[PDB]
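# Overview (structure and organization)
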Amino acid sequence: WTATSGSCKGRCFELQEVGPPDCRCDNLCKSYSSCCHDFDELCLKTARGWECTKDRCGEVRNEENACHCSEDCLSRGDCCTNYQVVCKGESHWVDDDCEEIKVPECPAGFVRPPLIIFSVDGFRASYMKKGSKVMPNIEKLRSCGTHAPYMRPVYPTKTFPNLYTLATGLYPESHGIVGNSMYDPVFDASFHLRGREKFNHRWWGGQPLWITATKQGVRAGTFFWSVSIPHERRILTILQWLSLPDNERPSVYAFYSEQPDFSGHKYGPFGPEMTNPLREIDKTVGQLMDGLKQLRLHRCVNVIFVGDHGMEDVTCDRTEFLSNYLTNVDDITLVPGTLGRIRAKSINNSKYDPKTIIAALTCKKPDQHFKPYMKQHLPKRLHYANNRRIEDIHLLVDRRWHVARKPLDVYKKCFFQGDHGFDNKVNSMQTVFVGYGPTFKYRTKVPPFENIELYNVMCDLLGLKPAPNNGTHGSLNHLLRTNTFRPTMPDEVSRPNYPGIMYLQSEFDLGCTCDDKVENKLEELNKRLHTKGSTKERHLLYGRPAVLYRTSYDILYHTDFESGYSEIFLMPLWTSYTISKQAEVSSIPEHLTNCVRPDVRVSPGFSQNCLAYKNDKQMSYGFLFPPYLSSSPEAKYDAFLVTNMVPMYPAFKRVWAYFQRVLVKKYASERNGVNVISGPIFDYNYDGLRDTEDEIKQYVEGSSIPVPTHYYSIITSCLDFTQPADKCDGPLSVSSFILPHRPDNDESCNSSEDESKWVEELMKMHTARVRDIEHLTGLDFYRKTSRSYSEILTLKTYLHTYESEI
Ligand SMILES: *[C@@H]1O[C@H](CO)[C@@H](O[C@@H]2O[C@H](CO)[C@@H](O[C@@H]3O[C@H](CO[C@H]4O[C@H](CO)[C@@H](O)[C@H](O[C@H]5O[C@H](CO)[C@@H](O)[C@H](O)[C@@H]5O[C@H]5O[C@H](CO)[C@@H](O)[C@H](O)[C@@H]5O)[C@@H]4O)[C@@H](O)[C@H](O[C@H]4O[C@H](CO)[C@@H](O)[C@H](O)[C@@H]4O[C@H]4O[C@H](CO)[C@@H](O)[C@H](O)[C@@H]4O)[C@@H]3O)[C@H](O)[C@H]2NC(C)=O)[C@H](O)[C@H]1NC(C)=O
Ligand SMILES: N#Cc1ccc(Cn2c3c(c4cc(Cl)ccc42)CCN(C(=O)CCc2cnc[nH]2)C3)cc1
Ligand SMILES: [Ca+2]
Ligand SMILES: [Ca+2]
Ligand SMILES: [Cl-]
Ligand code: NA
Ligand code: NA
Ligand SMILES: [Zn+2]
């Protein structure tokens, strides 16, 4: 109920919202049909259009005008944006040479450079190059300012999850907006794109930038605009806000454009119809910059031009229907489209069973265009599991495709030619970033980065302390001229023990055997030094990882690898080794086929035992440092130590063995040596964070050996690959993975073929940032390099995507 009896006179686009039933004049009132009767007449004036003309110059002010060309307009801050160009012979901002902005050039009374966020919905990264001819203002922003070739959105690459990530620096699973559409089983309520419940408040977690600004005494324009407010009026309103007195004037502003997403849905990302929407966005940017230039603010304000997601080609004819797979299709609810989420239509259905559903959806058609997942088995890089609103069963849909429940849903509910929502590493989903202003760098290109990082930077640009978030604060320091954030390394919480030889062989009753008992001061002194850490500088290139939680662990040195061995989990937290370009792959000798050796430095009570594996019919074991890469036959005995052993399902051993025997040597020759750190991950509650010991849901049968949910590796080399990994003078280069530790290979449809046809593809799917592995392990890597810490934070957020060029 809005008794829209009040008025909007003197209240047009009021920053503070009003409480029902007093009628609203804020820029969202249209959306809720709750404006004052006079809102259109007073706030959405249009008369005479949007531009000054020669004959309007120095006119007498007429309040019916959309914008003014009179003499006082600059004082009032309500000139048309082209006023000084037409009436004072100035030039359009786009026609000025650019000039480095070394310091803010702001009017008296400005306490900090304002930030204007200019967000565009559906603006695909490749539009920057492909549309460059029809977007001269944006092209000037891009070339004169700081820009990335593209920005990675979060998954799902939908509008609401991404806009709210941009505002909070949080993954959807944490801020709670996990979809454009959602169901919350605890509230028993749905969140809908269109209408009410959207706006209830309880849906939104974290702390968006506008609330962060307010709480710290920085005033915010609104970040929301009704669709019927013309773009030109949006710009004019921001320009007017910028003319307010110092005590009232906001410091952060957002403009939102429904385009080019709106047209891209209809015509596809590159439909011929796409050119005009691109020209119109550019024209709007032109208006903003001319407007700012007029107010003398065009060298004072920081401007971010940013997209939520890209846009892919998708049509009705590329739809997979679950009714082709499931006989029980009426017992399920599907959230459909460029992703799938399935739950039971009825919770009183006790015959509903996710395993049989998953099985009926698994590799059923030769070119099947989606893949089913329990959400905890989704690639960890997607961070899309830890929310009650994300259904247990997820479908990852191929780019260009849709999944639907039944044919009736498509033709009885072809319109569209574009859609988005797909995996966030898909090229067509990538979006844009350009920063322009005194606080950003001049003519600088920066590497691609993830949109979760931006909140921190927008906080830096405003002098704010960001709320706790998923960005890595400092990893975007190289975008900024000043206002950088200089974090310190976290402090090591646990210090390692360095055990020496303290146990006799016969103290071990582990059920293990090894044909090794066949043994000299040349090489007896030598081997002792290897156990003391004499080759450690070769295998621990960047320092040892710091353990960031309370635990008890040992450092174990060997000729070919160094390890940090947990006495709590009975296996290494990490194992580090270097493989040079020249390194040779050997095989496991026959006599050592099932060799496991007791480690005389670690008590039987802190060791694994072979009998548990023998008894455990589903579980086998593998090694973190691969016997295949031993430097000598003598060094190869170290690789069979019980303290290098980890629990592995036979199905996973196929993956791990191919990685260790084939891929590490391959990377070593392609990269000129690599350093590898591998280990286990335990994330049974799928929250993306290291489990404590009481969170482990599975052990090797009859023992206290915990079973990892994942195995990671971090592969580091010199960015300049003419230098060997162990002799690198400058910037590093990394790729990493977090492989699910699974009892079958159902994820890989081709897995009954040779590992050379399927393993590398599975690994690419499960690519990770080192930062992902840090959260999952409580470890902190690259402690001792000669690089700046900010540069190392950038390296740690890098994701190797294996997509071809943008
Ligand atoms: C990405 O960044 C984000 C932000 O940094 C990281 O998320 C944080 O993770 C923290 C550690 O897991 C978590 O800390 C917990 O806080 C609990 C109190 O939570 C409330 O207060 C915070 C602060 O204001 C608030 O943000 C929370 O909001 C959540 O909840 C509502 C919906 O439920 C949403 O509006 C909102 O979106 C957000 O949801 C998300 O977080 C929760 C977890 O908090 C998830 O479950 C949701 O699915 C969703 O993802 C809350 O309003 C506090 O209870 C916790 O403390 C327990 O555990 C500690 C261990 O330290 C123990 O000492 C305590 O005793 C306590 O245990 C007791 O309670 C248990 C639970 O009831 C019970 O089982 C036990 O038996 C004990 O009795 C804990 O400290 C923090 O809330 C979030 N913050 C956010 C914004 O998500 C995120 O991890 C990063 N991701 C990665 C991959 O790095
Ligand atoms: N960088 C950046 C940036 C810019 C703006 C915002 C703010 N914002 C906006 C939307 C939104 C959804 C969520 Cl879950 C959270 C925040 C969100 C929807 C579209 N938006 C509209 O203004 C149309 C409104 C409308 C559409 N139909 C009726 N009204 C903007 C957040 C980040
Ligand atoms: Ca076994
Ligand atoms: Ca966990
Ligand atoms: Cl969705
Ligand atoms: Na023996
Ligand atoms: Na398979
Ligand atoms: Zn869209």
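Rules and cut-offs
- Residues numbered from 1 in each chain as written, not as in the entry; some residues may be left out.
- Chains lettered and ligands numbered in written order.
- Heavy atoms only, no water.
- Residues with missing side-chain atoms left out of burial classes, pairs and counts.
- UniProt positions renumbered as here; feature names shortened; annotations may be inferred.
- Donors = N, O, S within 2.8 Å, 3.2 Å for Na, K, Ca; no water.
- Buried < 20%, exposed > 50% of the residue type's maximum accessible area, 1.4 Å probe, protein only.
- Near = heavy atom within 4 Å.
- Polar contact = N/O pair within 3.5 Å; in protein donor to acceptor, adjacent residues only side chain to side chain.
- Areas by Shrake-Rupley, 256 points an atom, 1.4 Å probe, with all protein chains shown as cover.
- Helix = DSSP H or I, 4+ residues; strand = E, 2+ residues; numbered from the N terminus.
- Pairing = 2+ DSSP bridges.
- Axes fitted to C-alpha atoms, helices over the stretch in contact; angles between N-to-C directions.
- Contact = heavy atoms within 4.5 Å.
- Core = buried A, V, L, I, M, F, W, Y, C linked by side-chain atoms within 4.5 Å.
- Nonpolar A, V, L, I, M, F, W, Y, C, P; charged D, E, K, R; others polar.
- Disulfide = S-S within 2.5 Å.

- The name the PDB entry gives the chain is Isoform 2 of Ectonucleotide pyrophosphatase/phosphodiesterase family member 2, with Rattus norvegicus as the organism.
- Word for word, the UniProt comment on the chain under Subcellular location is "Secreted".
- What UniProt records for the chain under Sequence similarities is the sentence "Belongs to the nucleotide pyrophosphatase/phosphodiesterase family."

## Thoughts on the coordination of the calcium ion (ligand 3)
- Protein-derived coordination of the calcium ion (ligand 3) comes from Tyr613 (O), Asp616 (O) and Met619 (O), at a distance range of 2.2 to 2.4 Å.
- Sequence spacing among the residues donating to the calcium ion (ligand 3) works out to Y-x2-D-x2-M. As far as burial versus exposure is concerned, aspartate 616 and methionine 619 are alike and both buried.

## Quick look at the site of ligand 2
- In the vicinity of ligand 2 there are 15 residues, among which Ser31, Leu163, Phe223, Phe224 and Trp225 approach most closely.
- In the model, a nitrogen atom of ligand 2 is placed 3.0 Å from a nitrogen or oxygen of the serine 31 side chain.
- Considering ligand 2 on its own, with 680 Å² of exposed area, one finds that the protein chains cover 85% of that surface.
- Elements supplying a minimum of two residues to the shell around ligand 2: β1 (115-121) and α6 (159-168).
- In terms of residues, the shell around ligand 2 owes the most to one element, α6, which gives four residues.

## A few points about the sheet that holds strand β11 (residues 370-374)
- Judged by pairing direction, the sheet is antiparallel, and its four strands sit side by side in the order β9-β10-β12-β11 without closing on themselves. Unpaired on one side and paired on the other, β9 (332-335) and β11 mark the two borders of the sheet. Between one strand axis and the next, the sheet turns through 25° on average, direction left out of account.

## Details of the environment of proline 626
- Mapped onto the fold, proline 626 is located in the loop between β22 (620-623) and α18 (633-636).
- Sequence separation of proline 626 and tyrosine 649 is 23 residues, and the distance between their C-alpha atoms is 17 Å.
- Residues contacting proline 626, with those up to four places away along its chain left out, are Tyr577 and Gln660.

## Regarding the coordination of the sodium ion (ligand 6)
- Protein ligation of the sodium ion (ligand 6) involves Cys514 (O) and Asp516 (OD), the donor distances falling in the range 2.7 to 2.9 Å.
- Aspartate 516 gets classed as partly exposed once you look at its relative accessible area, which sits at 25%.

## Observations concerning the sheet that holds strand β27 (residues 767-768)
- Read from one edge of the open sheet, seven strands run β19-β20-β21-β24-β25-β26-β27, paired in antiparallel fashion. In this open sheet, the two strands that pair with only one neighbour each are β19 (553-557) and β27.
- Strands in contact with helix α21 (residues 770-777) are β24 (674-681), β25 (710-718), β26 (732-740) and β27; relative to β26, the strand with the most contacts, it is inclined by about 50°.

## Examining the nonpolar core
- Within the largest apolar cluster, 55 residues are counted, with the highest numbers of intra-cluster contacts made by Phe652, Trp656, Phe659, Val664, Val674 and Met763.
- In terms of residue count, helix α19 (residues 650-671) provides more of this core than any other element does, nine residues in total.
- Counting residues in each nonpolar core, the second largest holds 51 residues, with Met289, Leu292, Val432 and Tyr436 among its members.

## What about the site of ligand 1?
- Of all residues adjacent to ligand 1, which total 13 residues, the nearest are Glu173, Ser174, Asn386, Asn470 and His775.
- In this structure, an oxygen atom belonging to ligand 1 sits 2.9 Å away from a main-chain N or O atom of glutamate 173.
- In the model, an oxygen atom of ligand 1 is placed 2.7 Å from a nitrogen or oxygen of the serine 174 main chain.
- About the coverage of ligand 1: the protein hides 34% of its 1500 Å² of free accessible area.
- Per-element accounting of the shell around ligand 1 gives the leading share, three residues, to helix α7 (residues 172-175).
- A class-by-class count of the residues in the shell around ligand 1 yields three nonpolar, eight polar and two charged.

## Some details on the state of the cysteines
- Counted under the stated rule, the structure contains 15 disulfides.
- Here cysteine 23 engages in a disulfide with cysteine 36; their sulfurs sit 2.0 Å apart. With the S-S bond torsion at 90°, the cross-link from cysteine 23 to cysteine 36 turns out right-handed. Highlighted residues: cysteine 23 in the segment before α1 (39-43) and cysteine 36 in the segment before α1, separated in sequence by 13 residues.
- With relative accessibility at 1%, the residue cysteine 23 sits in the buried group.
- Note on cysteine connectivity: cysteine 718 is disulfide-linked to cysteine 728, with sulfurs 2.1 Å apart. On the S-S bond that ties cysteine 718 to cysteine 728, the torsion sits near 70°, and the link is right-handed. Note that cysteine 718 is positioned in strand β25 and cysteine 728 in the loop between β25 and β26, a separation of ten residues in sequence.
- Since its relative accessible area comes to 3%, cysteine 718 is described here as buried.

## Some points on the pairing of β9
- One ladder, built from four bridges, connects β9 with strand β10 (residues 339-344); its direction is antiparallel. For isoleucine 332, the partnering residue across the bridge sits in β10 and is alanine 344.
- With antiparallel pairing between neighbouring strands as the criterion, β9 and β10 make up a hairpin whose turn holds three residues, including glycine 337 at a positive phi of roughly 120°.

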